[PDB]
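In what follows, a single structure is set out as structure tokens and then discussed.
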Ligand SMILES: CCCCCCCCCCC(CCCCCCCCCC)(CO[C@H]1O[C@@H](CO)[C@H](O[C@@H]2O[C@@H](CO)[C@H](O)[C@@H](O)[C@@H]2O)[C@@H](O)[C@@H]1O)CO[C@H]1O[C@@H](CO)[C@H](O[C@@H]2O[C@@H](CO)[C@H](O)[C@@H](O)[C@@H]2O)[C@@H](O)[C@H]1O
Ligand SMILES: CC(C)CCC[C@@H](C)[C@H]1CC[C@H]2[C@@H]3CC=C4C[C@@H](OC(=O)CCC(=O)O)CC[C@]4(C)[C@H]3CC[C@]12C
Ligand SMILES: CC(C)CCC[C@@H](C)[C@H]1CC[C@H]2[C@@H]3CC=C4C[C@@H](OC(=O)CCC(=O)O)CC[C@]4(C)[C@H]3CC[C@]12C
Ligand SMILES: CC(C)CCC[C@@H](C)[C@H]1CC[C@H]2[C@@H]3CC=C4C[C@@H](OC(=O)CCC(=O)O)CC[C@]4(C)[C@H]3CC[C@]12C
Ligand SMILES: *SC[C@@H]1NC(=O)c2csc(n2)[C@H](C)NC(=O)c2csc(n2)[C@H](C)NC(=O)c2csc1n2
Ligand SMILES: Nc1ncnc2c1ncn2[C@@H]1O[C@H](COP(=O)(O)OP(=O)(O)OP(=O)(O)O)[C@@H](O)[C@H]1O
Ligand SMILES: Nc1ncnc2c1ncn2[C@@H]1O[C@H](COP(=O)(O)OP(=O)(O)OP(=O)(O)O)[C@@H](O)[C@H]1O
Ligand SMILES: [Mg+2]
Ligand SMILES: [Mg+2]
């Protein structure tokens, strides 16, 4: 799969690439042609003149005239060099700008198509794969592609042109010697190819490891409340660290192989030098060639050899890009069997729903050996209501998922109006179906936008009508900003009942002819449930509905009732018929200033491996100084080779130069490898340390930090990955080349000051000018860098919001809306990339142009000095070479400066997140750890305000008391603050008024880890992790290796053990992301077991039996009653029996305690609890 990286290159894109390639060819061949112009004559020296006093030459007047002639020749050469500099100015800008624009367009289209491909997959594909990596891909791999299809290919083609044009000039002049060097060239090609293949494979593995780490981080951050409650920060940090170690090892291998490749290239270049000199000597004694011929060949070929040796980093970048582009285009090329974006299907104009399920056999793709439905049969007529009843894991949610065709059945047929649903358009099929899931999931936006996700072209009046139909109007009206209130991830900033009612309204605005309600009133209370049922009954004739529920009134009111038993339906009829059939339904009803200093600050964290720094520095000075030193050595060797005054063997003896060239090649190989490897290893270790430290700091943060809309899970993951990537991009094998260039400039200055003088004053003139160019570029790029970061975060958020909630997006047919949102988010980075392309291309063109222009100015000034006889003609060439190398060094440093600007802000953000301290420090060892606690919980006038909505009073100073062995039942309406009490007792937030005492001690004076370890909580929405069942249960009691036997007994205590035993792989069965690959009852029971394995002193239950059977509820209640005394228990529920069985009951009216006492005490008085118990009875 090669050249797939350019799959999305259009006509304009290909034109940009072609013109950039042509400009690269011209720019590359400019140099060998310029040296051949010097080779137009034999000696490259217009006249020996005074330097040769071989003949008497006693002319004091004619020497002045021939000096004037030399000045004229130098002036003509300077004019030619100025023209070549202008041409270079044009061509370098053209090539870099065109290639960078091409890369930007391809990256934009690749991101768009990758997101489209991700949104185009099936539910089963999302179940099989760890989709948590995908976002990291969108952030990381595409970027690795961007630095491999940009300016790097332009530079590679330029150096290829230099090399091959020099070789063509060689075939023109000295074909035999040129063929001898082109015989060595294949070794360079083979080495480059092999090392590029190895580097691409290593990059693929490293990016896989980074994607694994990103998936781990995304899962941990999405469930940060569970991690904080159970104190799992260390374990998640270790899980991140394992993938960090793998990525670090792969990066070290990548650096090793890249530096081997570069050093081998340089060694081969020097070996080509040595062999060319040998063969030229051999031919120049045999009289086959003249001295001018072999010098011409040398000057034509060897500089291009150096050019390819310098080019090899672009090959490294292209190999990294190819390694990155593997999984992206593997996912892009995947074709789902159920295509939601296909336009080929039937679209019936009139559909009176006739849901038929004919001998349906189904098994989930992730767990395919287990059978769920075995010949399911159902016939639902138009406008009727069917109530699906059974036990947990029976397959009711499976039937709901099959109705909307999230999966296809292996056997059987699902049809509507006698038409099989596989022949109907998938988008049209899911558009006529409105579904409310077992535990709904919203999106991190306003309430109005969440409602509009059901149907986009919806007016505000009918939104209001649907919200009234869902009994949600009152609390939205009480909310400031109305329906523009922002809700957290998955509706985390709304209560369970409010979130469920918002989901109901979202389903209702769809105006569905097929309604699916999978426990739509699980989190509702009596009044809201009653009014919602009345509202649904008002408009029940128009549509056909399927309902799964726990309350008996809604099951009785259904037109027909179906009962699940072992994958089939065993009872199907009216309520009276099933009542008189004494079946399963019978026993169910019976049972009742962005500082620049930040760079150095981050590099100070890299001080542990300082020997790598010093070794790399030494090697960088060695090679950077060797380059101008080799410029002098080559000139001296050429001069000695020309002066063959002793005739032949003296010159065979000059083979010592091939020795010296081989020695220099060995030294260059060793030093280049050593410098690159040391810097790359230190930088990769720094990258690991930054990832680890930033993730640890993120885990240290408070719940309010994650409640901030800007600290979204996708935003957090994108921030982490991108900040680390930028700092790595400025701290890899690149700082080495800045040190090498500094050494190059220093050595050039030294050699120009030794051999000559008054010409280095020109070098001190060029160093400012070129630098100032990069300077402004740097500033400008920094001016946009921050913006880009922000935009990327936003884009990342959208992508994660689409991936973490993919089932909801598929059910809502909102994939196109999220694609449009992703494109709108990516809009700003696109224009930023185009502008940066233009600016950096201008910078490169300016650097090369001033290189050439200052070289011409050096010609002019040196000619003036020679005419004045202030400084000899022989040494001007070495000073000119030093000027050229210094200009190249400064230009390369200025080219680096953009990356320094881009990573300065990332380093600042990294330092900011590291040094941030939360208000409630979960990592602090300071605090009070009582030796033994009695478990007495007391809220004393606690007033709490949520930081995201600070004005709204949630708790207005309610008093609460519960003792050891007591059970406290918190009752109230939705939004009253029952879960707020649980979240406050976990020290998620600190109340501003009032205080919570645990055995008389304020919870702010205790160690937060110790306090959290004393409490076991079951949340309103249980959340598991994408790992094994046993690992999920053992996650309850961290800081201790939980044994298998106690996991088994905790599962037994939660009535989930039998289901685990029935599963293949038993307790090693992997659960999906957030528990999505489990039944709601099974997931809730596993959460209960996770809480119970702790054996906590303070048990907190928040609707812990929201989705359980009568059998499961009875078993769990008996298990809790076994251990009532000896632990304090607080329970939030709307079931009458659970509340009336508790020791004490507290009623919370809009945040205040209103009634407190036993069940009989509250029943005897005529209050709201009496009203509830009377309504239920
Ligand atoms: C180290 C720092 C150096 C300085 C840093 C920044 C330098 C920015 C210069 C880069 C530069 C010229 C590059 C030529 C260089 C020559 C060789 C270089 C030799 C180097 C020694 C990009 O080139 C522009 O040229 C345009 C045509 O000339 C092209 O327009 C496209 O062509 C087709 C494409 O598909 C299509 O038809 C179509 O898409 C376009 O028509 C584009 O190619 C591009 O926009 C100009 O950039 C900037 O120029 C200024 C004009 O003042 C513009 O200001 C704005 O213009 C209004 C627009 O709305 C605004 O309203 C106004 O608010 C503001 O005034 C900017 O917009 C921007 O363009
Ligand atoms: C070694 C490194 C540093 C440089 C490698 C050179 C590439 C940048 C050049 C070589 C050949 C060029 C390609 C020649 C032909 C094509 C196929 C063309 O797409 C197709 O026709 C493929 C089928 C499809 O449309 O899906 C897109 C441009 C592309 C990849 C060109 C893009 C630029 C390529 C890959
Ligand atoms: C010394 C002069 C002659 C220049 C040296 C480079 C060239 C000889 C060119 C011609 C063929 C080119 C190669 C042709 C194809 C590839 C594979 C391409 O993809 C891979 O890295 C393969 C990875 C994999 O298959 O897993 C990357 C660029 C590379 C090595 C090219 C690198 C540059 C090469 C060696
Ligand atoms: C005129 C001069 C420059 C010599 C002309 C020949 C070279 C340009 C050719 C001859 C043999 C070629 C090599 C033959 C085979 C390979 C292995 C190849 O490896 C892969 O990409 C393998 C990928 C896979 O197997 O999946 C990379 C290019 C390379 C080094 C080639 C690079 C270009 C070479 C040196
Ligand atoms: S300065 C960058 C580039 N030159 C080299 O890479 C290089 C390696 S070795 C070498 N030059 C020897 C010392 N060159 C000569 O002896 C020589 C004779 S004539 C000449 N160089 C002309 C003046 N050089 C250039 O035009 C030139 C531009 S860039 C460049 N060399
Ligand atoms: N995405 C999935 N991948 C694999 N197995 C799954 C998936 N979803 C559910 N299961 C399993 O398939 C079986 C059927 O569960 P299902 O969700 O259909 O039950 P249910 O009737 O909706 O139950 P509940 O009353 O608890 O909501 C269970 O064993 C469950 O763990
Ligand atoms: N993270 C949050 N940020 C802001 N407001 C919140 C947050 N969580 C809950 N709220 C709001 O606080 C109020 C009560 O929330 P809470 O979850 O404590 O209620 P509850 O009594 O447990 O409700 P329910 O019975 O519906 O689960 C509601 O107005 C709710 O929208
Ligand atoms: Mg279910
Ligand atoms: Mg709640």
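We number chain A the same way Swiss-Prot does; the residues here are 34-625, 687-1271, in that order.
Method reported for this entry: electron microscopy, 2.9 Å.
Cβ atoms are placed via backbone N, Cα and C, with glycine included.
Taken straight from Swiss-Prot:
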{"type": "TRANSMEM", "residues": "44-66", "note": "transmembrane segment"}
{"type": "TOPO_DOM", "residues": "134-182", "note": "topological domain 'Cytoplasmic'"}
{"type": "TRANSMEM", "residues": "183-204", "note": "transmembrane segment"}
{"type": "TOPO_DOM", "residues": "205-211", "note": "topological domain 'Extracellular'"}
{"type": "TRANSMEM", "residues": "212-232", "note": "transmembrane segment"}
{"type": "TOPO_DOM", "residues": "233-290", "note": "topological domain 'Cytoplasmic'"}
{"type": "TRANSMEM", "residues": "291-312", "note": "transmembrane segment"}
{"type": "TOPO_DOM", "residues": "313-326", "note": "topological domain 'Extracellular'"}
{"type": "TRANSMEM", "residues": "327-348", "note": "transmembrane segment"}
{"type": "TOPO_DOM", "residues": "729-752", "note": "topological domain 'Extracellular'"}
{"type": "TRANSMEM", "residues": "753-773", "note": "transmembrane segment"}
{"type": "TOPO_DOM", "residues": "774-828", "note": "topological domain 'Cytoplasmic'"}
{"type": "TRANSMEM", "residues": "829-849", "note": "transmembrane segment"}
{"type": "TRANSMEM", "residues": "851-870", "note": "transmembrane segment"}
{"type": "TOPO_DOM", "residues": "871-930", "note": "topological domain 'Cytoplasmic'"}
{"type": "TOPO_DOM", "residues": "954-969", "note": "topological domain 'Extracellular'"}
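Using the rule of three or more Cβ pairs under 8 Å, pairs at least 6 apart in sequence, the transmembrane segment (44-66) is in contact with the transmembrane segment (327-348).
Chain break remark: 61 residues absent between residue 625 and residue 687, end-to-end distance 66 Å (Cα atoms, rounded to whole Å).
Here the topological domain 'Extracellular' (954-969) has Cβ contacts under 8 Å with residues 82-84, 100-101, 103-104, 107-108, 111, 849-853, 856 of the same chain, all six or more residues outside its ends. A contact links the transmembrane segment (753-773) to the transmembrane segment (829-849), because at least 3 Cβ pairs that are 6 or more residues apart lie under 8 A. As a quick check, the transmembrane segment (183-204) and the transmembrane segment (291-312) miss the bar of 3 or more Cβ pairs under 8 A, pairs 6 or more apart, so the two do not touch.
With pairs at least 6 apart in sequence, the transmembrane segment (851-870) and the transmembrane segment (212-232) have fewer than 3 Cβ pairs within the 8 Å limit; the two do not touch.
Taking pairs at least six residues apart, the transmembrane segment (327-348) and the transmembrane segment (829-849) share fewer than three Cβ pairs below 8 Å and do not count as touching. Long-range neighbours of the transmembrane segment (829-849) within the same chain, counting only residues 6 or more positions beyond its ends whose Cβ lies under 8 Å from a Cβ of the stretch, are 710-711, 714-719, 721-723, 726, 769-770, 772-773, 777, 857, 861, 969, 972-973, 976-977, 979-980, 982-984, 986-987, 990.
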